[PDB]
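**Student:** Input structure: model26.cif, which contains mmCIF, N, CA and C atoms.
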```
data_protein
#
loop_
_atom_site.label_atom_id
_atom_site.label_comp_id
_atom_site.auth_asym_id
_atom_site.auth_seq_id
_atom_site.Cartn_x
_atom_site.Cartn_y
_atom_site.Cartn_z
N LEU A 106 -18.79 45.19 -39.29
CA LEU A 106 -17.86 44.75 -38.24
C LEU A 106 -18.47 44.55 -36.85
N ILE A 107 -17.72 43.80 -36.01
CA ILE A 107 -18.13 43.48 -34.63
C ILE A 107 -17.55 44.53 -33.67
N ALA A 108 -16.81 45.45 -34.27
CA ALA A 108 -16.10 46.51 -33.61
C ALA A 108 -15.28 45.90 -32.51
N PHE A 109 -15.27 46.52 -31.34
CA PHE A 109 -14.52 45.99 -30.24
C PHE A 109 -15.42 45.93 -29.03
N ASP A 110 -16.70 45.65 -29.28
CA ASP A 110 -17.70 45.58 -28.21
C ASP A 110 -17.39 44.46 -27.23
N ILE A 111 -16.62 43.52 -27.73
CA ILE A 111 -16.24 42.30 -27.09
C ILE A 111 -14.75 42.23 -26.75
N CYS A 112 -14.07 43.37 -26.66
CA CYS A 112 -12.65 43.36 -26.30
C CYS A 112 -12.27 44.54 -25.42
N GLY A 113 -11.11 44.48 -24.80
CA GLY A 113 -10.63 45.65 -24.08
C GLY A 113 -9.89 46.46 -25.10
N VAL A 114 -9.65 47.74 -24.83
CA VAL A 114 -8.88 48.49 -25.79
C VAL A 114 -7.64 49.05 -25.13
N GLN A 115 -7.82 49.95 -24.17
CA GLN A 115 -6.67 50.54 -23.50
C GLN A 115 -5.62 51.00 -24.50
N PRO A 116 -5.92 52.01 -25.32
CA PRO A 116 -5.10 52.44 -26.43
C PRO A 116 -3.77 52.89 -25.91
N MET A 117 -2.76 52.71 -26.73
CA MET A 117 -1.40 53.07 -26.41
C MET A 117 -1.10 54.52 -26.74
N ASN A 118 -0.22 55.13 -25.96
CA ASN A 118 0.26 56.48 -26.25
C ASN A 118 1.76 56.45 -26.43
N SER A 119 2.25 55.24 -26.57
CA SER A 119 3.64 54.90 -26.75
C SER A 119 3.57 53.47 -27.26
N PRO A 120 4.32 53.07 -28.27
CA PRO A 120 4.23 51.77 -28.86
C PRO A 120 4.74 50.80 -27.86
N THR A 121 4.29 49.58 -27.95
CA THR A 121 4.83 48.55 -27.10
C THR A 121 4.76 48.77 -25.59
N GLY A 122 3.55 49.02 -25.09
CA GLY A 122 3.34 49.21 -23.67
C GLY A 122 3.18 47.88 -22.89
N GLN A 123 2.99 48.00 -21.56
CA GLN A 123 2.83 46.81 -20.67
C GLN A 123 1.75 46.91 -19.60
N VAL A 124 1.29 45.74 -19.13
CA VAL A 124 0.26 45.61 -18.09
C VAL A 124 0.73 44.83 -16.87
N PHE A 125 0.47 45.41 -15.69
CA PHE A 125 0.88 44.75 -14.43
C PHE A 125 -0.30 43.99 -13.84
N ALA A 126 0.00 43.04 -12.95
CA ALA A 126 -1.07 42.35 -12.26
C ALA A 126 -0.69 41.93 -10.85
N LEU A 127 -1.65 42.08 -9.93
CA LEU A 127 -1.43 41.76 -8.53
C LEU A 127 -2.21 40.58 -8.02
N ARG A 128 -1.45 39.64 -7.50
CA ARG A 128 -1.93 38.44 -6.88
C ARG A 128 -1.62 38.54 -5.41
N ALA A 129 -2.59 38.21 -4.58
CA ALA A 129 -2.39 38.15 -3.14
C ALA A 129 -1.88 36.75 -2.89
N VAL A 130 -0.80 36.61 -2.16
CA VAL A 130 -0.17 35.30 -2.02
C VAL A 130 0.11 34.90 -0.58
N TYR A 131 -0.23 33.67 -0.19
CA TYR A 131 0.05 33.27 1.18
C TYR A 131 1.06 32.13 1.27
N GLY A 132 1.72 32.04 2.44
CA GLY A 132 2.76 31.05 2.66
C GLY A 132 4.13 31.72 2.86
N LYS A 133 4.13 32.86 3.55
CA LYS A 133 5.29 33.70 3.89
C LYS A 133 5.97 34.36 2.71
N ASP A 134 6.51 33.57 1.80
CA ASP A 134 7.22 34.11 0.66
C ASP A 134 6.29 34.28 -0.54
N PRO A 135 5.96 35.52 -0.97
CA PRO A 135 5.05 35.79 -2.07
C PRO A 135 5.60 35.26 -3.39
N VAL A 136 6.92 35.10 -3.42
CA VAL A 136 7.60 34.59 -4.57
C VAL A 136 8.31 33.33 -4.15
N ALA A 137 7.69 32.20 -4.43
CA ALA A 137 8.22 30.91 -4.07
C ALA A 137 7.50 29.85 -4.85
N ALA A 138 8.19 28.77 -5.16
CA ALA A 138 7.47 27.69 -5.79
C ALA A 138 6.44 27.20 -4.80
N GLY A 139 5.24 26.94 -5.28
CA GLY A 139 4.20 26.38 -4.43
C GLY A 139 3.43 27.40 -3.59
N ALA A 140 3.80 28.68 -3.65
CA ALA A 140 3.08 29.68 -2.87
C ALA A 140 1.65 29.69 -3.41
N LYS A 141 0.63 29.99 -2.59
CA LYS A 141 -0.73 29.95 -3.14
C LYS A 141 -1.39 31.31 -3.27
N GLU A 142 -2.25 31.42 -4.29
CA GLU A 142 -3.01 32.68 -4.50
C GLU A 142 -4.16 32.75 -3.49
N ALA A 143 -4.21 33.82 -2.70
CA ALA A 143 -5.24 34.02 -1.68
C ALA A 143 -6.65 34.14 -2.20
N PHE A 144 -6.84 34.78 -3.33
CA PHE A 144 -8.19 34.96 -3.82
C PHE A 144 -8.41 34.31 -5.16
N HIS A 145 -7.73 33.21 -5.40
CA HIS A 145 -7.92 32.54 -6.67
C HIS A 145 -9.42 32.19 -6.79
N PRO A 146 -10.09 32.40 -7.94
CA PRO A 146 -11.49 32.10 -8.13
C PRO A 146 -11.89 30.63 -8.24
N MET A 147 -10.96 29.73 -8.57
CA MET A 147 -11.39 28.35 -8.69
C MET A 147 -11.02 27.63 -7.44
N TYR A 148 -9.87 28.00 -6.90
CA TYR A 148 -9.36 27.31 -5.75
C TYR A 148 -9.88 27.91 -4.47
N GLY A 149 -10.33 27.07 -3.56
CA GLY A 149 -10.82 27.61 -2.32
C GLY A 149 -9.68 28.06 -1.44
N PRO A 150 -9.98 28.86 -0.42
CA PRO A 150 -9.06 29.38 0.56
C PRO A 150 -8.64 28.30 1.52
N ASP A 151 -7.50 28.48 2.13
CA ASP A 151 -7.15 27.55 3.17
C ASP A 151 -7.89 27.98 4.40
N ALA A 152 -9.04 27.36 4.60
CA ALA A 152 -9.97 27.70 5.66
C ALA A 152 -9.37 27.58 7.06
N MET A 153 -8.26 26.84 7.20
CA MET A 153 -7.64 26.66 8.50
C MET A 153 -6.35 27.45 8.65
N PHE A 154 -5.95 28.21 7.64
CA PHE A 154 -4.66 28.89 7.64
C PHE A 154 -4.46 29.83 8.82
N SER A 155 -5.43 30.68 9.08
CA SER A 155 -5.34 31.62 10.19
C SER A 155 -5.82 31.03 11.52
N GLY A 156 -6.29 29.78 11.49
CA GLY A 156 -6.91 29.13 12.64
C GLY A 156 -6.10 27.95 13.14
N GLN A 157 -6.78 26.82 13.26
CA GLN A 157 -6.18 25.61 13.76
C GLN A 157 -4.93 25.21 12.99
N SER B 11 6.09 38.54 3.74
CA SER B 11 7.43 39.08 3.62
C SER B 11 7.59 39.72 2.27
N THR B 12 6.76 40.71 1.98
CA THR B 12 6.86 41.39 0.72
C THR B 12 7.95 42.42 0.80
N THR B 13 8.85 42.37 -0.16
CA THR B 13 9.99 43.26 -0.27
C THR B 13 10.07 43.81 -1.69
N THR B 14 11.11 44.61 -1.95
CA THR B 14 11.31 45.18 -3.28
C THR B 14 11.64 44.10 -4.31
N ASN B 15 11.91 42.87 -3.86
CA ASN B 15 12.16 41.76 -4.76
C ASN B 15 10.87 41.34 -5.46
N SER B 16 9.72 41.58 -4.81
CA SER B 16 8.43 41.20 -5.35
C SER B 16 7.95 42.23 -6.35
N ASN B 17 8.07 43.49 -5.98
CA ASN B 17 7.56 44.57 -6.83
C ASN B 17 8.15 44.67 -8.22
N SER B 18 7.28 44.78 -9.21
CA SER B 18 7.71 44.97 -10.59
C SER B 18 7.56 46.45 -10.95
N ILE B 19 8.47 46.96 -11.79
CA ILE B 19 8.50 48.39 -12.15
C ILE B 19 8.18 48.73 -13.60
N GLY B 20 7.29 49.73 -13.78
CA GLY B 20 6.84 50.24 -15.09
C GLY B 20 7.96 50.77 -16.00
N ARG B 21 8.64 51.82 -15.56
CA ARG B 21 9.74 52.37 -16.35
C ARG B 21 10.56 53.27 -15.43
N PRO B 22 11.83 53.52 -15.74
CA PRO B 22 12.71 54.43 -15.05
C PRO B 22 12.43 55.89 -15.30
N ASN B 23 12.91 56.71 -14.38
CA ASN B 23 12.89 58.16 -14.53
C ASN B 23 14.11 58.56 -15.32
N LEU B 24 13.93 59.23 -16.43
CA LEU B 24 15.10 59.57 -17.21
C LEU B 24 16.09 60.43 -16.45
N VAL B 25 15.57 61.32 -15.62
CA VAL B 25 16.30 62.29 -14.81
C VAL B 25 16.97 63.37 -15.67
N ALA B 26 17.75 62.98 -16.67
CA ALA B 26 18.42 63.92 -17.54
C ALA B 26 18.68 63.34 -18.94
N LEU B 27 18.86 64.27 -19.87
CA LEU B 27 19.15 64.03 -21.28
C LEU B 27 20.33 64.84 -21.75
N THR B 28 21.40 64.20 -22.18
CA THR B 28 22.56 64.95 -22.62
C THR B 28 22.86 64.74 -24.09
N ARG B 29 23.34 65.80 -24.74
CA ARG B 29 23.74 65.76 -26.13
C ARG B 29 25.19 66.17 -26.20
N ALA B 30 26.00 65.41 -26.93
CA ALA B 30 27.42 65.76 -27.00
C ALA B 30 27.72 66.51 -28.28
N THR B 31 27.97 67.81 -28.17
CA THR B 31 28.20 68.65 -29.33
C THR B 31 29.46 69.48 -29.15
N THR B 32 30.11 69.80 -30.26
CA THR B 32 31.29 70.65 -30.30
C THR B 32 30.94 72.06 -29.89
N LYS B 33 31.75 72.70 -29.05
CA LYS B 33 31.47 74.11 -28.85
C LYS B 33 31.99 74.77 -30.10
N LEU B 34 31.13 75.46 -30.83
CA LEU B 34 31.57 76.00 -32.10
C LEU B 34 32.07 77.38 -31.96
N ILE B 35 33.35 77.53 -32.20
CA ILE B 35 33.96 78.80 -32.06
C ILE B 35 34.52 79.25 -33.37
N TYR B 36 33.78 80.05 -34.10
CA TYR B 36 34.30 80.58 -35.33
C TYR B 36 33.84 82.01 -35.44
N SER B 37 32.75 82.33 -34.77
CA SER B 37 32.20 83.68 -34.85
C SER B 37 33.21 84.72 -34.38
N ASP B 38 34.02 84.35 -33.38
CA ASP B 38 35.02 85.22 -32.78
C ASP B 38 36.37 85.12 -33.47
N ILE B 39 36.44 84.28 -34.48
CA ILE B 39 37.65 83.98 -35.20
C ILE B 39 37.62 84.59 -36.58
N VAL B 40 36.48 84.49 -37.27
CA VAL B 40 36.44 85.04 -38.60
C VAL B 40 35.56 86.25 -38.76
N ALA B 41 36.17 87.31 -39.25
CA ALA B 41 35.42 88.50 -39.57
C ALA B 41 34.50 88.09 -40.69
N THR B 42 33.27 88.54 -40.73
CA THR B 42 32.45 88.12 -41.85
C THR B 42 31.27 89.05 -42.10
N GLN B 43 30.86 89.08 -43.35
CA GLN B 43 29.72 89.82 -43.87
C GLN B 43 29.02 89.04 -44.96
N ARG B 44 27.71 88.90 -44.86
CA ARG B 44 26.95 88.16 -45.85
C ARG B 44 27.11 88.69 -47.25
N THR B 45 27.16 87.75 -48.17
CA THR B 45 27.28 88.00 -49.59
C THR B 45 25.87 87.87 -50.15
N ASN B 46 25.44 88.75 -51.06
CA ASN B 46 24.10 88.61 -51.64
C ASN B 46 24.15 88.28 -53.12
N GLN B 47 25.30 87.80 -53.55
CA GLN B 47 25.54 87.37 -54.91
C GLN B 47 26.27 86.04 -54.88
N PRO B 48 26.18 85.20 -55.91
CA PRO B 48 26.89 83.95 -56.05
C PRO B 48 28.41 84.07 -55.99
N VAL B 49 28.94 85.29 -56.17
CA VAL B 49 30.38 85.54 -56.12
C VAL B 49 30.67 86.77 -55.25
N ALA B 50 31.72 86.68 -54.44
CA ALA B 50 32.19 87.80 -53.60
C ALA B 50 33.53 88.31 -54.11
N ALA B 51 33.81 89.61 -53.95
CA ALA B 51 35.14 90.11 -54.32
C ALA B 51 35.61 91.24 -53.42
N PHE B 52 36.66 91.00 -52.66
CA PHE B 52 37.14 91.92 -51.64
C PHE B 52 38.20 92.88 -52.17
N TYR B 53 38.21 94.14 -51.71
CA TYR B 53 39.28 95.05 -52.17
C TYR B 53 40.46 95.28 -51.26
N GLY B 54 41.63 95.08 -51.84
CA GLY B 54 42.93 95.34 -51.22
C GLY B 54 43.43 96.68 -51.69
N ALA C 210 -9.14 11.86 -7.48
CA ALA C 210 -10.32 11.03 -7.63
C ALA C 210 -10.57 10.15 -6.41
N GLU C 211 -9.51 9.54 -5.86
CA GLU C 211 -9.73 8.67 -4.72
C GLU C 211 -10.15 9.45 -3.50
N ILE C 212 -9.59 10.64 -3.33
CA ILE C 212 -9.97 11.44 -2.19
C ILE C 212 -11.42 11.82 -2.35
N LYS C 213 -11.83 12.26 -3.55
CA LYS C 213 -13.22 12.62 -3.74
C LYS C 213 -14.15 11.45 -3.45
N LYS C 214 -13.78 10.22 -3.84
CA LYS C 214 -14.64 9.08 -3.54
C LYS C 214 -14.83 8.91 -2.04
N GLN C 215 -13.74 9.00 -1.28
CA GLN C 215 -13.84 8.84 0.16
C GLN C 215 -14.63 9.99 0.78
N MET C 216 -14.47 11.17 0.21
CA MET C 216 -15.19 12.34 0.67
C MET C 216 -16.69 12.16 0.43
N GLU C 217 -17.07 11.79 -0.79
CA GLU C 217 -18.46 11.59 -1.18
C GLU C 217 -19.12 10.52 -0.34
N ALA C 218 -18.35 9.49 -0.02
CA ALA C 218 -18.81 8.35 0.75
C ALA C 218 -18.93 8.64 2.24
N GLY C 219 -18.50 9.82 2.67
CA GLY C 219 -18.57 10.19 4.07
C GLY C 219 -17.41 9.73 4.94
N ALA C 220 -16.34 9.16 4.34
CA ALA C 220 -15.18 8.68 5.09
C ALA C 220 -14.30 9.84 5.51
N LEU C 221 -14.27 10.85 4.64
CA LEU C 221 -13.52 12.08 4.83
C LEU C 221 -14.46 13.27 4.75
N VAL C 222 -14.48 14.12 5.76
CA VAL C 222 -15.42 15.25 5.73
C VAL C 222 -14.75 16.61 5.84
N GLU C 223 -15.14 17.54 4.98
CA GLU C 223 -14.55 18.87 5.02
C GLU C 223 -14.72 19.50 6.39
N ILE C 224 -13.66 20.12 6.85
CA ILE C 224 -13.65 20.74 8.16
C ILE C 224 -12.76 21.96 8.23
N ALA C 225 -13.12 22.88 9.10
CA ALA C 225 -12.31 24.04 9.38
C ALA C 225 -12.48 24.30 10.85
N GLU C 226 -11.50 24.91 11.48
CA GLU C 226 -11.60 25.18 12.90
C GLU C 226 -10.71 26.35 13.31
N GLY C 227 -11.09 26.99 14.40
CA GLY C 227 -10.38 28.12 14.97
C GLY C 227 -9.23 27.65 15.82
N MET C 228 -8.68 28.53 16.61
CA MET C 228 -7.52 28.21 17.40
C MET C 228 -7.73 28.45 18.89
N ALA C 229 -7.18 27.57 19.71
CA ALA C 229 -7.33 27.78 21.13
C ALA C 229 -6.71 29.10 21.53
N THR C 230 -7.36 29.81 22.46
CA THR C 230 -6.85 31.08 22.94
C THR C 230 -5.49 30.85 23.56
N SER C 231 -5.35 29.77 24.32
CA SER C 231 -4.08 29.44 24.96
C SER C 231 -2.92 29.22 24.03
N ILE C 232 -3.16 29.05 22.74
CA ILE C 232 -2.06 28.89 21.85
C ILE C 232 -1.84 30.25 21.20
N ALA C 233 -2.91 30.80 20.62
CA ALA C 233 -2.82 32.06 19.89
C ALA C 233 -2.32 33.22 20.73
N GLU C 234 -2.73 33.26 21.98
CA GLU C 234 -2.41 34.34 22.89
C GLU C 234 -0.93 34.60 23.06
N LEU C 235 -0.11 33.56 23.04
CA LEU C 235 1.30 33.78 23.24
C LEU C 235 2.10 33.59 21.97
N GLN C 236 1.41 33.49 20.84
CA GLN C 236 2.06 33.17 19.58
C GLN C 236 3.15 34.22 19.35
N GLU C 237 4.36 33.73 19.03
CA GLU C 237 5.57 34.58 18.77
C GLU C 237 6.31 34.91 20.08
N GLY C 238 6.52 33.91 20.96
CA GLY C 238 7.35 34.12 22.13
C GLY C 238 6.86 34.98 23.29
N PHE C 239 5.57 35.13 23.48
CA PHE C 239 5.18 35.97 24.59
C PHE C 239 5.24 35.12 25.83
N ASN C 240 5.55 35.74 26.97
CA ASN C 240 5.71 35.06 28.26
C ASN C 240 6.79 33.99 28.22
N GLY C 241 7.82 34.16 27.42
CA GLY C 241 8.86 33.15 27.37
C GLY C 241 8.49 31.92 26.56
N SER C 242 7.44 32.00 25.77
CA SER C 242 7.06 30.87 24.99
C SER C 242 7.99 30.74 23.80
N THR C 243 7.90 29.63 23.08
CA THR C 243 8.74 29.46 21.91
C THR C 243 8.17 28.57 20.84
N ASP C 244 8.83 28.58 19.69
CA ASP C 244 8.49 27.76 18.52
C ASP C 244 7.01 27.89 18.16
N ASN C 245 6.51 29.11 18.20
CA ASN C 245 5.11 29.37 17.92
C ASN C 245 4.81 30.57 17.01
N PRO C 246 5.28 30.60 15.76
CA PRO C 246 5.13 31.69 14.79
C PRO C 246 3.71 31.83 14.26
N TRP C 247 3.39 32.99 13.67
CA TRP C 247 2.10 33.25 13.01
C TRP C 247 2.15 32.80 11.57
N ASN C 248 1.00 32.48 11.00
CA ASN C 248 0.98 32.28 9.57
C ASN C 248 1.00 33.64 8.90
N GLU C 249 1.75 33.73 7.81
CA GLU C 249 1.95 34.99 7.12
C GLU C 249 1.60 34.95 5.65
N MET C 250 1.23 36.13 5.16
CA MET C 250 0.90 36.29 3.75
C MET C 250 1.34 37.67 3.20
N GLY C 251 1.40 37.78 1.88
CA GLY C 251 1.73 39.02 1.19
C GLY C 251 1.07 39.10 -0.19
N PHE C 252 1.79 39.66 -1.14
CA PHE C 252 1.38 39.84 -2.53
C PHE C 252 2.62 39.87 -3.38
N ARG C 253 2.45 39.75 -4.69
CA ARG C 253 3.62 39.73 -5.56
C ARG C 253 3.80 40.89 -6.57
N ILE C 254 2.95 41.01 -7.60
CA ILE C 254 3.00 42.07 -8.65
C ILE C 254 3.97 41.74 -9.80
N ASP C 255 3.45 41.21 -10.90
CA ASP C 255 4.27 40.84 -12.07
C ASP C 255 3.78 41.54 -13.33
N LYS C 256 4.44 41.30 -14.48
CA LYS C 256 3.98 42.01 -15.68
C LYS C 256 4.08 41.29 -17.03
N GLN C 257 3.20 41.72 -17.95
CA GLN C 257 3.22 41.27 -19.34
C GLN C 257 3.45 42.43 -20.31
N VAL C 258 4.21 42.16 -21.36
CA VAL C 258 4.52 43.20 -22.36
C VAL C 258 3.95 42.91 -23.76
N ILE C 259 3.33 43.92 -24.39
CA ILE C 259 2.72 43.76 -25.71
C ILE C 259 3.45 44.52 -26.78
N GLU C 260 3.96 43.84 -27.81
CA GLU C 260 4.65 44.56 -28.92
C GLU C 260 3.65 45.11 -29.94
N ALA C 261 3.86 46.35 -30.40
CA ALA C 261 2.97 46.92 -31.40
C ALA C 261 3.40 46.54 -32.82
#
```
Please lay out the structure from this file as C-alpha cells.

**Tutor:**
Amino acid sequence: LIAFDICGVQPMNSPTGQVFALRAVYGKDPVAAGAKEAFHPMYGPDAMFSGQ
Amino acid sequence: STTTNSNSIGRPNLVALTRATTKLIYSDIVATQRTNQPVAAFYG
Amino acid sequence: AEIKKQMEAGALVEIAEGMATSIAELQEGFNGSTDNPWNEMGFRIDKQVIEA
C-alpha cells in the first residue's frame, strides 16, 4: 500500500465531523457577491486599495 | 464590517440533558419479601 | 486577452500609487470635511461537512 503518506488524516472522534476555513475579505462586506479574497494565491492584491 | 452573520459555528452547548421517567412509587405501597422458590405460599 | 495585448504592447502599464496627505488626513469627516470614507476589509469563516 501507499498508506496515507500523500493525504491528510485528521481522524474523527465522532462520526461525521466538519472543517472550517477562513478567508480574509475586502470590500466592506465580507459576505457579498463580488467581495474579494485578500490573500488569494493566484489573484494579486488590489495594490491601490489602501492608497490612491 | 465583520459581524456574527459572518461567523460559522462548530456545535452548540448541550447545557442540559433530561430524561422523562415515572416516579415509581410501589415500595411504600406494597409490603414485600423475596421468595427463594418458584412458588410462594402465605399463611392466614 | 485584449487588455493583455495592450498591456504587453506598452499601451497600458501596471501602476500603483499612494494617497495625498491632504486627502487621507481628513478622511472620515475631520475638520468638517465630508464624503471621504476609508476603504474597509474583514474576514468571513465558512464550513464543509464530511459524512462517515

**Student:** I need the residue set behind the PyMOL selection byres ((chain B) within 7 of (chain A)) for this file; please write it as a list in words.

**Tutor:** residues 11, 12 and 16 of chain B

**Student:** Quick one: everything within 9 Å of stretch 218-225 of chain C, counting only C-alpha atoms, minus sequence neighbours fewer than 2 positions away in the same chain. Send it as a list in words.

**Tutor:**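 So, after excluding close chain neighbours, the residues are residues 151, 152, 153, 156 and 157 of chain A; 212, 213, 214, 215, 216 and 227 of chain C.
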
**Student:** With N, CA and C atoms retained, write the just-selected residues as a PDB file, keeping the file's coordinate frame.

**Tutor:**
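Once everything was written out, this is out11.pdb:
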```
ATOM      1  N   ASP A 151      -7.500  28.480   2.130  1.00  0.00           N
ATOM      2  CA  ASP A 151      -7.150  27.550   3.170  1.00  0.00           C
ATOM      3  C   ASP A 151      -7.890  27.980   4.400  1.00  0.00           C
ATOM      4  N   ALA A 152      -9.040  27.360   4.600  1.00  0.00           N
ATOM      5  CA  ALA A 152      -9.970  27.700   5.660  1.00  0.00           C
ATOM      6  C   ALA A 152      -9.370  27.580   7.060  1.00  0.00           C
ATOM      7  N   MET A 153      -8.260  26.840   7.200  1.00  0.00           N
ATOM      8  CA  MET A 153      -7.640  26.660   8.500  1.00  0.00           C
ATOM      9  C   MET A 153      -6.350  27.450   8.650  1.00  0.00           C
ATOM     10  N   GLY A 156      -6.290  29.780  11.490  1.00  0.00           N
ATOM     11  CA  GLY A 156      -6.910  29.130  12.640  1.00  0.00           C
ATOM     12  C   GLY A 156      -6.100  27.950  13.140  1.00  0.00           C
ATOM     13  N   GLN A 157      -6.780  26.820  13.260  1.00  0.00           N
ATOM     14  CA  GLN A 157      -6.180  25.610  13.760  1.00  0.00           C
ATOM     15  C   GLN A 157      -4.930  25.210  12.990  1.00  0.00           C
TER      16      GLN A 157
ATOM     17  N   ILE C 212      -9.590  10.640  -3.330  1.00  0.00           N
ATOM     18  CA  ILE C 212      -9.970  11.440  -2.190  1.00  0.00           C
ATOM     19  C   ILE C 212     -11.420  11.820  -2.350  1.00  0.00           C
ATOM     20  N   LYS C 213     -11.830  12.260  -3.550  1.00  0.00           N
ATOM     21  CA  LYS C 213     -13.220  12.620  -3.740  1.00  0.00           C
ATOM     22  C   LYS C 213     -14.150  11.450  -3.450  1.00  0.00           C
ATOM     23  N   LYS C 214     -13.780  10.220  -3.840  1.00  0.00           N
ATOM     24  CA  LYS C 214     -14.640   9.080  -3.540  1.00  0.00           C
ATOM     25  C   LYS C 214     -14.830   8.910  -2.040  1.00  0.00           C
ATOM     26  N   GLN C 215     -13.740   9.000  -1.280  1.00  0.00           N
ATOM     27  CA  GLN C 215     -13.840   8.840   0.160  1.00  0.00           C
ATOM     28  C   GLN C 215     -14.630   9.990   0.780  1.00  0.00           C
ATOM     29  N   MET C 216     -14.470  11.170   0.210  1.00  0.00           N
ATOM     30  CA  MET C 216     -15.190  12.340   0.670  1.00  0.00           C
ATOM     31  C   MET C 216     -16.690  12.160   0.430  1.00  0.00           C
ATOM     32  N   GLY C 227     -11.090  26.990  14.400  1.00  0.00           N
ATOM     33  CA  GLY C 227     -10.380  28.120  14.970  1.00  0.00           C
ATOM     34  C   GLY C 227      -9.230  27.650  15.820  1.00  0.00           C
TER      35      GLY C 227
END
```

**Student:** Here's the selection I'm unsure about, the PyMOL selection byres ((chain C and name CA) within 6 of (chain A and name CA)); applied to the file above, which residues does it give, as a PyMOL selection string?

**Tutor:** chain C and resi 225-228+249-261

**Student:** Kindly list the centre and edge lengths in Å, rounded to one decimal, for the axis-aligned box that covers all listed atoms of stretch 40-48 of chain B plus 6 Å on each of its six sides, as lines of an AutoDock Vina configuration file.

**Tutor:**
```
center_x = 30.3
center_y = 86.9
center_z = -46.7
size_x = 24.4
size_y = 17.9
size_z = 30.8
```

**Student:** For chain C, which residue among B:19, B:41, B:51, B:27 is the nearest when counting all atoms listed in the file?

**Tutor:**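 Smallest distance to chain C is found for B:19.
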
**Student:** If you measure from atom C of residue C:233 to atom C of residue C:247, what distance in Å do you get, rounded to one decimal?

**Tutor:**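 That distance, rounded to one decimal, is 10.2 Å.
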
**Student:** Quick one: distance from atom CA of residue C:229 to atom CA of residue C:245 in Å, one decimal?

**Tutor:**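 Separation of atom CA of residue C:229 and atom CA of residue C:245: 12.9 Å.
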
**Student:** Hey, can you check how far atom C of residue B:24 sits from atom C of residue A:118?

**Tutor:**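 Rounded to one decimal, the two atoms are 17.9 Å apart.
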
**Student:** Quick check for you: according to DSSP on this backbone, which residues of stretch 216-254 of chain C are classed as helix (DSSP H, G or I)? Reply as JSON, numbers by chain.

**Tutor:** {"C": [216, 217, 230, 231, 232, 233, 239, 240, 241]}

**Student:** Run DSSP on the backbone and grab whatever in chain A lands in strand (DSSP E); send it over as a PyMOL selection string.

**Tutor:** chain A and resi 123-126+129-131+141-142
